[PDB]
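Each remark here refers to the structure printed beneath this line.
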Amino acid sequence: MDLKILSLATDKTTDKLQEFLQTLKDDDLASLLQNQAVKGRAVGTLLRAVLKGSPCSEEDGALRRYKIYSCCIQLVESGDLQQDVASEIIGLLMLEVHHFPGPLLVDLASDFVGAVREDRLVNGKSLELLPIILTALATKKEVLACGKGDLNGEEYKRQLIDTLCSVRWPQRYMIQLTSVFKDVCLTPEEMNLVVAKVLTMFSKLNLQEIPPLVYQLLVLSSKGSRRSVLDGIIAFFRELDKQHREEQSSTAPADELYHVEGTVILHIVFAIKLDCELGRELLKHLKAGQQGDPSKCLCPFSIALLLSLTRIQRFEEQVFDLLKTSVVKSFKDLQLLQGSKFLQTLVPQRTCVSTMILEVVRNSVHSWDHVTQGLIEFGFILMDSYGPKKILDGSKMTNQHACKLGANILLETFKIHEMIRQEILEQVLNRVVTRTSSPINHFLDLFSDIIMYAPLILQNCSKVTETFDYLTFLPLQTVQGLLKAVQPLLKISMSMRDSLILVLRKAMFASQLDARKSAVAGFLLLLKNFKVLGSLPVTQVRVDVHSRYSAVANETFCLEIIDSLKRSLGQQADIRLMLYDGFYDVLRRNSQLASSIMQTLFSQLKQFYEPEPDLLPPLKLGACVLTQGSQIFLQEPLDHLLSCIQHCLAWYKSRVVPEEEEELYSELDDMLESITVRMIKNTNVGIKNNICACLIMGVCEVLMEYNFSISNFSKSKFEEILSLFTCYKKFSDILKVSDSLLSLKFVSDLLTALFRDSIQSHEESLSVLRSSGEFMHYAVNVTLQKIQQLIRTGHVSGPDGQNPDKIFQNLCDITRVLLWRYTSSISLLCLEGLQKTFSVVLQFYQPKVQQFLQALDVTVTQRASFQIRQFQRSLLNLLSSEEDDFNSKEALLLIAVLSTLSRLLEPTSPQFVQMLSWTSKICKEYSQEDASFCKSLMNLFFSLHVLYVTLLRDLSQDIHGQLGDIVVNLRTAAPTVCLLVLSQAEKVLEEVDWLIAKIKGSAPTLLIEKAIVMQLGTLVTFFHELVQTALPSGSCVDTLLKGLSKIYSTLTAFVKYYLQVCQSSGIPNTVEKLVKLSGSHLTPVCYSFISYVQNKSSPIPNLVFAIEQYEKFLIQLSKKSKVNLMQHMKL
């Protein structure tokens, strides 16, 4: 057998070879099966002779090969044969398939598709033939003899593949199946066929099997449809994520899902490296543009992809713009949606890109390093770009929200990833020490948070310590923030503490003022955290107990500093003030310093206090002024020196009750009383006097505070308190804002004591005060004035001034006391102060809103509508009994309180209706001739309303009727309520414009379109009223013009939208009917309004061009679509 075939190969073609074949016909099965079992290399050339013994020139040759080919294939898959034998066989089969005729190749390939139905091949190695078969087919464009011939090589190859896609691929070989298409040239249809069919499988595989498949799919894209490949992978995982995230609301998968997603992301970034189009496509695809998309565009997965794509340099700038701009859009839209009810009806809420990126950080935990670098770097770009700027140099909601997300990314990455912890920190600090005058505060806050998070990481942190060297070179505001935040580290690392001491030690010697002002803040801060244990008898730290490790701090540590600080009391007034403030804070935290601080304060007063009993100027106010060379400065703000000694004494008496101190605190008590009694008794000369004036004004204001807290009892002291005010008022008339030296706790207590407090024995307390009555509203003026100063900055003058808990408390205290007086002219102030209170509590203390309302007595919305009722009732009362001219001022800010409160009302709510409907009642049932009042009532009306074009169309009917045609009255609606409905409607147009642009971008839809019509329809009716009517020529004319041309731009936008939508067409009655409703009620009435202007008077062109362009696209619309409506607009 074997040998006899060897001669035929070395003899010649045809006669020798082909004749032996016809002799056999029986088993090339049993022969080949066992001939490789004997020797595989004897089988290796067995084909070469037999294949050249059966050419395509003869059929018995060609139709014989088909049997051989099927036997080789059968053995390769079924047999256990070694891979050298296996791959040698398919080696030959692949290289000899070239010349087989069209009919046979089709049969061969259909045998594969036949195998595909159900087989255990265990081998796709058979399938490696398929590519060569399918290509050899497409070579021949000629009809072939099979069945109905009617088909070229390309079409049988297309129908073969076509069938391969409709048959089920087994879970086992499907990877090898997809790697088979790798070598086969395809049509776009054949591609999308193979692709979309591979995709149909994803949902059928165990998750861990997808990444290799996705890899195998992506190698096809290289020849093959980028956008659809990506969109597929993205869409698959987006959905997969969606489910897992709903499993989270009710680790397990997280290991697999996210590890795979990382590998998958890692795979496509890898492709983007080799092919840039792939990248440029991923960007083109994901890019927001019209905003309906970026909500559905970006998902945690795609964002993570983008962020990992960052690692390829060239794409970085782009990835960041996309993300940066999407974070703003995402917010600015949701910011809009919350503003209008109608938008909520049309558009459902959307997860915003913000909380998406944060989920990326969250999910980044599982082996995503590639994603972190771009993550932290993005977080910074937000903080960099959206951080506050001009506030330092003489809707930012987005600016803020962006910046915070920048911080949150940064903080949360830090928490999650140990390896970048250092780089995040270095990056923050280096901005702090390096950045300009440009405000760094937001960066210090993050620095604070990182530290506070885990002080243990940074305890050492030379990078923090090294920062201190710039302590003098940095702005005081920075140094404070830096020190405050750095505290938890100081309590831990000795070497950092000691290094800060040494730095501060010599900071004190800096000539420059601001430098020393910093050094002080530092020491003062140290003293708050640092104790001694000394020689003695919030838990600061003992600097003293380790003497081997500290070369600087000793038992003298606390006193050493106070002495160092003492010298500043002889320095500029500005410093002394700062040292007075510090001493109190410090004293409160450190008990042992009471003597040392007090001593210093005491001996300071000794300079300004006349000891000789009764030399009537009890304090020497001449020494408070220094003069050098034509300039008169105040040194030593005595009024604060007094306040400080007051608040310390008050503390020492108050708190420490567990000797040379008791002699100190008596002698100062003696001195304060002595001053108390004795006290009641432009050009350089005058510049000094004015200072002294408000010095005393303060001194009296301080002595007032002191004699109250001395004893809250006697009528005898309140007699002094009044007399002390009588001295204060005395100078206050003789001549002021944040200047109130009364601590806010005091301004609370006494206002609670004056109004609410009666039950106490003394009516003479109140009377000594109430009877003056200027003191009465002076005491209400400080409170009202400090609350206001509390909205200018976050601070307030005295002790616990910046403590947000003590401030909230004092706010609650003061509020309900102003409420007691307003339920019962001072009563006017209370409202004004009461007003500023609410506004502060809401826009600062918001989370404490629930607490706040409780101090005043669904439940949050309950408290709101309760207070609203009390106010809306006293507004109605002001109106119902209103006498002629009464108050434009009380009516104004009474509405302000309501508008502030109404924002607490849930937009759904039963209570919210009570407020809206009630307002609607006042609008219809009232009027008045002061413009101030209506614009407010309207704004409040609108404010509540838009969360519920009627009002607009109706409001115009009024102005239109009460003006022109050439409840609010002539003086009311003409100048004012005109501009409002115009502005309001303009906004309602911007809405429509966005809707109109939204639908265009999609390349439930109708439900919106008909709402757009009804919206625009009611608006045309609105303008018609105004376009008819005469209005004062000054402004409202121009505003009505601008507003008009806007509708025409909106309609034009609605028009060229249907030019687009009807290319794919019917333009239903909705559209049509109202299209000519414009060319009847508007167009002509407009042309007539422009003539009103020129005939009266003796922008303009912008109205006509708008109407012209409006018609120009109606001409294009009507012609190219269906209806003659434009010809019906002229009728």
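Numbering (the deposited numbering) for the sequence shown: 1 to 250, 258 to 401, 411 to 553, 563 to 683, 692 to 714, 731 to 784, 798 to 886, 902 to 934, 945 to 1035, 1039 to 1056, 1070 to 1106, 1127 to 1188, 1190 to 1222, 1248 to 1280.
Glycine included, C-beta positions come from ideal geometry on N, C-alpha and C.
Handout entry: Inter-residue spacing [alpha-carbon to alpha-carbon] between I432 and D340
Key = Each residue's alpha carbon lies about 30 Å from the other.
Exercise for the section: Look at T178 and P211 and say whether their C-beta atoms are less than 7 Å apart. Expected result: Not a contact, by the Cβ cut-off of 7 Å.
Problem - Contact between the segment 569 to 578 and the segment 640 to 647 (3+ Cβ pairs under 8 Å) - result: Under the 8 Å Cβ criterion, the segment 569 to 578 does not count as touching the segment 640 to 647, having fewer than three qualifying pairs.
Handout entry: Proximity below 7 Å, CB of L980 to CB of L906
Key = Against a cut-off of 7 Å, the Cβ pair of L906 and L980 comes out as no contact.
Practice task
Grab me the residues of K4's own chain with a C-beta within less than 8 Å of its C-beta, minus the 5 sequence neighbours each way, in chain order.
Solution key: Closer than 8 Å at the Cβ level, and outside the excluded window around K4, lie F20.
Handout entry: Straight-line gap, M1002 to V682 (C-alpha atoms, nearest Å)
Key = One C-alpha to the other measures close to 54 Å.
Practice task
Pull up the CB-CB distance for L991 and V926, whole angstroms please, since I reckon it's below 8 Å.
Solution key: Contact flag correct, Cβ pair sits at about 7 Å.
Exercise for the section: Specify, as a first and last residue, the run of the beta strand (DSSP E) that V650 falls within. Expected result: That run of the beta strand (DSSP E) goes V650 to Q653.
Practice task
Enumerate in chain order the residues of its own chain whose CB-to-CB distance from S551 is below 7 Å, with the five nearest sequence positions on each side excluded.
Solution key: Leaving aside the five residues that flank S551 on each side, the residues in its chain whose CB is nearer than 7 Å to its CB run, in chain order, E580.
Handout entry: When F1145, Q624 and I508 are compared against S699, the one with the closest alpha-carbon
Key = Minimum Cα distance to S699 is reached at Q624.
Handout entry: Delimiting residues of the beta strand (DSSP E) encompassing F817
Key = Unbroken run through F817: none, as it is neither H nor E.
Problem - 7 Å Cβ cutoff, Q629 in contact with chain B - result: In the displayed structure, chain B is absent; only one protein chain is listed.
Exercise for the section: Give a yes or no on whether the C-beta atoms belonging to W676 and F817 are separated by under 7 Å. Expected result: No; because the gap between Cβ atoms is not below 7 Å, this pair is not in contact.
Practice task
Compare the C-alpha of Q671 against each of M746, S758, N615 and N733 and name the closest.
Solution key: The candidate whose alpha carbon is nearest that of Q671 is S758.
Practice task
Take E1016 as the anchor and find which of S1030, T1075 and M1025 has the nearest alpha-carbon.
Solution key: Here the closest residue by C-alpha is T1075.
Problem - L584: first and last residue of the uninterrupted alpha helix (DSSP H) it sits in - result: For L584, the enclosing alpha helix (DSSP H) stretches over residues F582 to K591.
Problem - Length-filtered (4 minimum) alpha helix (DSSP H) runs lying within the segment 309 to 386 - result: Runs of the alpha helix (DSSP H) inside the segment 309 to 386: 323 to 344, 348 to 353 and 360 to 370.
Exercise for the section: Starting from the N-terminal side, write out each stretch of the alpha helix (DSSP H) that is 4 residues or longer and does not extend beyond the segment 423 to 509. Expected result: List check, alpha helix (DSSP H) in window: 437 to 450, 457 to 469, 471 to 474, 478 to 481 and 492 to 506.
Practice task
Tell me where the beta strand (DSSP E) around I657 begins and ends.
Solution key: Counting along the chain, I657 sits inside the beta strand (DSSP E) bounded by residues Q656 to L659.
Handout entry: Reference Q438, options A418, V449 and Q475, closest by Cα
Key = Selected option, being the one with the closest Cα: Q475.
Exercise for the section: Look at the alpha carbon of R447 and the alpha carbon of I456, and state the distance between them as a whole number of angstroms. Expected result: In a straight line, the C-alpha of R447 is about 8 Å away from that of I456.
Problem - Reduced DSSP category for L644 - H, G, I as helix; E, B as strand; rest coil - result: Strand at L644.
Practice task
Starting from the Cα of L472, find the closest Cα among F489, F1213, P504 and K591 and give me that residue.
Solution key: Closest option to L472, Cα to Cα, is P504.
Problem - Residue nearest to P1248 in terms of C-alpha spacing, selected from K1279, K1169, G1190 and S1204 - result: The residue with the shortest Cα to Cα distance from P1248 is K1169.
Practice task
Quick one: using the 10 Å Cβ neighbour count with 16 as the cut-off for buried, is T914 buried or exposed?
Solution key: With 16 or more other Cβ atoms from the protein chains shown falling within 10 Å of its own Cβ, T914 counts as buried.
Exercise for the section: For residue 1037, count neighbouring C-beta atoms within 10 Å of its own C-beta (all shown protein chains included) and say buried if the count is 16 or more, exposed if not. Expected result: Residue numbering in the chain jumps from 1035 to 1039; residue 1037, which lies between, is not modelled.
Exercise for the section: Count the CB pairs spanning the segment 108 to 121 and the segment 139 to 154 that are closer than 8 Å, and state whether there are at least three. Expected result: Between the segment 108 to 121 and the segment 139 to 154, the count of Cβ pairs shorter than 8 Å is below three; the stretches do not touch.
Exercise for the section: State the Cα-Cα distance for the pair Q660 and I425, rounded to the nearest angstrom. Expected result: Straight-line Cα distance between these residues: approximately 48 Å.
Handout entry: DSSP three-state assignment for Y1035, whether helix, strand or coil
Key = In this structure, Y1035 counts as coil in the three-state DSSP scheme.
Handout entry: Closest by C-alpha distance to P188, when choosing among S166, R172, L220 and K204
Key = It is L220 whose Cα lies nearest to the Cα of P188.
Problem - Local conformation of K779 per DSSP, three classes - result: Three-state DSSP puts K779 in a helix.
Problem - Residue of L674, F762, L803 and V799 minimising C-alpha distance to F774 - result: Comparing Cα-Cα distances from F774 to each of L674, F762, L803 and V799, the minimum goes to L803.
Handout entry: DSSP-derived helix/strand/coil call for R573
Key = Here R573 sits in coil by DSSP.
Practice task
Helix, strand or coil for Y1013, going by three-state DSSP, please let me know.
Solution key: DSSP, read as helix, strand or coil, puts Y1013 in coil.
Practice task
Please name the residue or residues paired with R567 in a DSSP beta bridge.
Solution key: Answer is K547.
Practice task
Could you check if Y574 is buried or exposed, using at least 16 other CB atoms within 10 Å of its CB as the buried criterion?
Solution key: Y574 counts as exposed, since fewer than 16 other C-beta atoms from the protein chains shown sit within 10 angstroms of its C-beta.
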